[PDB]
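Read through the structure below, which is laid out as structure tokens, and then see the notes.
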Amino acid sequence: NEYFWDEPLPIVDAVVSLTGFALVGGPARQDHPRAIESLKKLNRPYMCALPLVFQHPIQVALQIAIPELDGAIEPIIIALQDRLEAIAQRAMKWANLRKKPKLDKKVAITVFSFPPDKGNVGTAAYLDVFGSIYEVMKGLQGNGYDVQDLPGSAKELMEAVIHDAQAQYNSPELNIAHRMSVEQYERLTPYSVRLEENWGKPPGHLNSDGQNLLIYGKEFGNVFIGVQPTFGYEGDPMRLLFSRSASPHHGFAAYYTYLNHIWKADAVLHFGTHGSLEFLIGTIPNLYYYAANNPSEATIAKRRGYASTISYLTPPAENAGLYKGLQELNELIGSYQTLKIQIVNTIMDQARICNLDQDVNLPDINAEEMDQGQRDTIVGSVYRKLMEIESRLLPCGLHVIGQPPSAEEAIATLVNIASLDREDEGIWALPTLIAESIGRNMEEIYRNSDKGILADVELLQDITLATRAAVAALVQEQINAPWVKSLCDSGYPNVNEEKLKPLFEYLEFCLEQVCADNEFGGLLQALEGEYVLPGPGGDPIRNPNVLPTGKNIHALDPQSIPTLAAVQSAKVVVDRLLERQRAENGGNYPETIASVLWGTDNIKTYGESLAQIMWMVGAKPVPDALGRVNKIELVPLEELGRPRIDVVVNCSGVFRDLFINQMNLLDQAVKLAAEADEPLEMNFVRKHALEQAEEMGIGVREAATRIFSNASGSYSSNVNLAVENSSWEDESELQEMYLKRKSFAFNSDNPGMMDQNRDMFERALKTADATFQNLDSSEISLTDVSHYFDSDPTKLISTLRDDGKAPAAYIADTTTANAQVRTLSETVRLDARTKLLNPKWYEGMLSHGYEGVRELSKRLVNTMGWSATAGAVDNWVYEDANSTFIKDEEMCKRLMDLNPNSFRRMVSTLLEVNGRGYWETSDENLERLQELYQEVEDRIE
Amino acid sequence: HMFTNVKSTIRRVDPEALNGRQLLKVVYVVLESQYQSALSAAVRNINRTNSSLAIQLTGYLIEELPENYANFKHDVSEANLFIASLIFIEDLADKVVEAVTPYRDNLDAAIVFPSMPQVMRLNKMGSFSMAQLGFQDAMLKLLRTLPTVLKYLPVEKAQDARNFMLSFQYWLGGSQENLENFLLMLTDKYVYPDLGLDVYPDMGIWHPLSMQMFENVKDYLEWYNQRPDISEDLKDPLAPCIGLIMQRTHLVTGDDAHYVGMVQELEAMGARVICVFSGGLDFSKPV
């Protein structure tokens with residue numbers, strides 16, 4: 001504030017901090033609001049470079065996360081030259097964004113994976129790519145940028161970049177923006193030779209032509225829309241399991257050479273659609289439009305692509321609703337009521353027609369020989385499953401950047417915001433208040449609703465409807481510029497009105513942030529060489545501070561989790577998991593549970609899934625005076641009330657990158673448990689560790705190695721790549737690759753040395769009785785991305801176990817106040833019923849056209865992944881998918897015309913699940929699919 | 001009972017990889033299992049984070065001393081630091097002094113916390129022993145007596161006695177970081193002085209009998225009046241109150257023996273004391 005100023009004006013174009021600290025520290029606890037306030041006034045690009053660079057993976061992980069909270073850009077990832085030059089050149093280029101006139105600025109925008117063929121599908125971006133690019137182009141043009149020949153629409157935009165994309169008359173072909181020669185190539189890219197190990201001498205099959213390298217895209221004045229069809233690539237990850245290493249082909253390198261040394265872009269804009277499978281961009285300022293609900297992958301981009309990650313809202317979430325057979329059943333259950341035998345028999349019949357017999361226990365007994373309760377609980381349990389399907393809050397569509405939701409299409413998002421207690425802000429959820437007004441506990445209703453008690457299942461729905469109508473009253477009254485009258489009109493007149501006040505005062509504030517249009521504003525500020533406001537990810541419902549969007553989003557201080565609320569919520573989930581495991585399998589406790597840790601959900605819940613694993617082993621985090629969680633301790637068996645349970649923990653590469661300090665804590669806890677002087681029947685960790693130590697000839701502590709991940713620099717088991725390329729022969733191949741890639745053991749007694757320990761990995765996995773993951777959210781669910789099944793060891797454990805027994809598979813959901821520990825199959829069915837097979841969902845997607853079909857195949861490809869890793873997909877899922885999308889001749893034609901490439905993917909996927917034995921169906925269906933594959937093959941090729 | 005108290009089967013903690021670091025060897029014999037686990041946690045943490053120092057820790061509970069006793073004598077012989085606390089068993093105690101006394105000169109330091117007087121006589125920190133001195137309540141008794149001793153000693157010997165008081169306060173704290181500072185303080189001052197082993201506000205209020213600094217008068221006086229070791233005369237608002245000004249650096253270094261003696265002398269005379277410090281050179285701010 002003193003030396004960077006002179007009404008005074010800034011005398012600096014860009015700031016590079018070399019301290020490695022927060023802008024505003026102290027003794028202790030960084031002050032980010034006062035740093036943000038200062039950096040906003042100065043309004044310059046703020047870059048930070050840790051002094052560690054100019055010379056303990058835990059120390060690095062803790063340090064690097066702090067400047068990110070200040071909104072810092074990272075100009076860096078034996079001599080000083082490369083580091084000094086890297087920081088200097090990027091600081092200059094960032095500074096040049098101010099010194100350069102607006103009409104001379106050249107903004108490049110690269111698109112990934114168009115047309116959407118094979119390779120990795122990427123992340124759950126929920127992005128209308130070309131629809132968003134078009135809005136960006138017009139926004140730039142209408143602000144003073146030289147955008148020449150701006151097309152008439154988004155459809156016209158894609159047509160300009162992808163000639164005949166819909167394959168009507170000629171085959172789809174990408175617009176060639178430039179043809180650089182081998183001479184020009186090798187001259188401008190010094191690292192060309194290092195790529196010749198896998199691709200040989202340029203050009204080489206990829207991006208040819210045959211003499212020149214092809215730079216796909218199209219120029220529109222000072223704005224260039226480019227296309228990177230393939231990274232170089234996914235394409236059979238089995239080719240890289242040995243001597244061969246990964247390297248992008250010449251075409252991929254040639255693209256960024258064009259932007260750096262020929263078109264000379266001043267700024268590049270990417271979209272967070274392919275996440276961690278994206279890592280040559282150079283010294284040019286690198287912008288990303290990342291989803292607000294994906295902080296974890298946004299920070300990887302910050303640390304691997306020197307990126308500034310501007311956020312966009314995911315589409316306005318809607319209740320999934322009920323449809324077809326599910327609707328008829330809802331109506332059947334609806335009465336009852338006034339009809340109160342024969343109906344219960346038909347309710348059970350339609351429930352079996354909807355295949356709900358595998359979600360709720362439906363005996364072969366007739367209703368005539370049941371009690372009053374036996375009939376009440378049957379219809380009550382079927383009903384609660386229907387309401388779970390109907391009330392699932394998920395996006396049904398794609399988002400266009402700069403196009404915020406209306407007040408109307410934000411009520412559903414708002415009702416769930418109102419359905420969560422918040423001690424500070426100091427308000428209670430609407431349902432709890434409504435429940436309190438009639439002398440009830442909202443969680444007692446939840447617990448009873450889970451048991452299938454009709455009186456409580458109906459009461460839940462009534463309170464839900466009362467909540468789902470009251471919030472809409474506040475929204476409607478906001479539109480024309482009342483919610484208490486709605487509560488009375490719903491039947492709850494004794495609601496604490498004192499507490500109703502700050503609640504709706506909060507909800508109205510949230511409404512403005514949901515509908516705020518700051519997304520394009522963030523891009524401008526970045527391009528103008530200004531300072532973009534930093535904000536937190538990721539889940540708006542659980543944390544409305546993620547709103548509004550258009551900010552440079554970040555993750556959190558890895559020493560701030562788990563919170564006390566997180567560890568308490570974790571015990572509940574664990575107790576629920578164990579209860580469900582004892583029943584239907586015991587009732588003995590499992591001796592070992594295999595879990596996966598994702599960074600994403602731990603950011604959103606402040607360490608819940610992390611805290612679950614601590615509790616399984618009987619350990620607790622110990623915050624210091626400053627509130628930093630950097631210690632851990634065992635809890636006495638008296639407090640645990642059950643045996644310590646052994647764990648096998650699969651940490652994602654991303655989790656390892658962001659939270660290696662937590663991996664350190666976990667490994668400490670597990671080893672403490674194994675050393676505990678406790679009876680073996682009370683300590684399954686020690687029970688196993690002792691046995692393993694003898695058989696391996698090592699010490700107990702070393703035998704207690706349970707915390708694993710990818711090797712440093714690596715991400716995923718590559719199972720997702722193999723599934724997306726259909727490049728594997730049998731399940732043993734996938735599992736072999738899993739054991740090779742995921743068996744790198746973390747050591748809290750030697751943190752820097754993460755060595756492979758496949759022997760320990762297998763011995764630990766052999767003892768697993770259960771498999772466990774936490775659901776991130778409804779938007780990022782089991783079929784929305786491929787990472788879940790990628791880390792899934794379910795079938796692997798079957799082949800490892802001597803008894804060949806398949807472990808029980810569970811998925812925890814804490815995205816609402818009603819925490820559920822579902823089985824894997826139950827969750828897969830929930831995804832199928834609410835997304836792929838749901839008219840409300842697929843029609844919403846298809847209403848965006850070309851990119852809508854891509855979303856369909858994505859959900860279907862990931863479903864196939866679950867068949868390969870766990871076999872958790874019921875046959876009716878594929879059969880119904882084939883019904884609505886392929887047997888329907890009208891829908892089949894609509895799909896093939898909208899998007900030949902994505903339709904081709906749906907066909908082959910259905911063809912594949914049958915070919916491998918996951919889908920049994922009539923030959924008439926297989927013959928039709930086999931033909932449709934040829935019809936679309938010809939259109940494209 | 002193991003059901004209500006978490007106990008460990010591990011007596012020995014070794015560094016995974018020595019590397020280019022110096023090795024500190026510590027032997028403890030203790031009664032409380034909590035300090036066993038806290039010491040171990042402190043040692044394992046230092047081994048995994050410190051880039052110039054590694055610690056080997058071997059320990060036994062007093063009853064375990066018969067196979068173990070043979071290793072005990074050998075561990076003591078190679079030890080830099082010897083620690084003992086709450087040792088109250090006649091033949092057991094005698095076995096301890098027999099094993100320590102030969103190497104009492106070899107040990108860089110020998111720290112015995114409230115035990116049988118026979119064991120207490122093993123205490124040796126630099127020039128300070130159980131000479132020169134003129135369950136939880138027993139530790140407070142000895143702790144509060146230490147400042148009263150400082151004045152009768154020369155400066156260099158006073159600081160040794162203060163370091164003893166300091167390591168005693170860390171021990172009573174019992175936290176993992178308390179014991180880490182305990183070991184690192186003992187190492188830097190008596191074992192590896194040339195290793196350069198090296199939260200404090202810019203200015204504040206300090207009292208030797210308080211482990212935390214105070215950043216305002218209110219918090220300090222609140223703490224002052226709750227002290228059970230002082231006469232009610234000191235808490236009287238009409239009591240003589242003397243302010244002391246000192247450099248923060250001597251507090252963060254631990255070389256504050258004469259400051260501690262100054263505070264004790266004033267209090268002994270019936271004066272309430274307010275010691276301010278600053279890291280800067282404008283001492284008008286704390287004033």
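Protein chains get the first letters and strands the later ones, always in sequence-line order, with residue 1 at the start of each.
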Notebook entry, point to check: Which region of B:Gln212, side chain (C-beta onward) or backbone (N, CA, C, O), has a non-hydrogen atom less than 4.5 Å from a non-hydrogen atom of chain A, or is it both or neither?
Noted result: neither
Check: Nearest 0.5 Å, what's the OG-CG distance between A:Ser748 and B:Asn47?
Finding: 11.0 Å
Item checked: N/O donor-acceptor pair under 3.5 Å between B:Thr9 side chain and A:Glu675 backbone -> yes
Next item on the list: Indicate the atoms forming the closest heavy-atom contact of A:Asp749 with B:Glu16, along with that distance.
Entry: O-CB, 3.4 Å
Notebook entry, point to check: Taking C-beta and beyond as the side chain, do B:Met2 and A:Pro679 meet within less than 4.5 Å on heavy atoms?
Noted result: yes
Note to self: Just checking B:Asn50: does its CG atom have more than 12 heavy atoms from other residues, nucleotides or ligands closer to it than 6.0 angstrom?
What the structure shows: yes
Notebook entry, point to check: Given a strict heavy-atom distance threshold of 4.5 Å, which part of A:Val700 is in contact with chain B: side chain, backbone, both, or neither?
Noted result: neither
Notebook entry, point to check: Does a side-chain heavy-atom distance below 4.5 Å link B:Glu177 with A:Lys631?
Noted result: yes
Next item on the list: Measure the spacing between CD1 of A:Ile632 and CD of B:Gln176 and express it to the nearest 0.5 Å.
Entry: 11.0 Å
Margin query: Does B:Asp198, at its CG atom, have more than 12 non-hydrogen atoms belonging to other residues, nucleotides or ligands within less than 6.0 Å?
Written below: no
Check: For A:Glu702, does the CD atom have more than 12 heavy-atom neighbours from other residues, nucleotides or ligands under 6.0 Å away?
Finding: no
Item checked: Within-4.5 Å side-chain heavy-atom neighbours: B:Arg48 and A:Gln668 -> yes
Next item on the list: May I ask you to test the B:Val6-A:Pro636 pair for a side-chain heavy-atom distance under 4.5 Å?
Entry: yes
Checklist line | Distance in Å, B:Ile10 CD1 paired with A:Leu672 CG, rounded so as to fall on 0.5 Å steps | finding: 10.0 Å
Item checked: Closest heavy-atom pair and its distance - A:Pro27, B:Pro201 -> CG-CA, 4.4 Å
Notebook entry, point to check: Between A:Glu678 and B:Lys7, is there a salt bridge with N-O shorter than 4.0 Å?
Noted result: no
Next item on the list: Step through the shown structure and confirm whether more than 12 heavy atoms of other residues, nucleotides or ligands are within 6.0 Å of CG on A:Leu564.
Entry: no
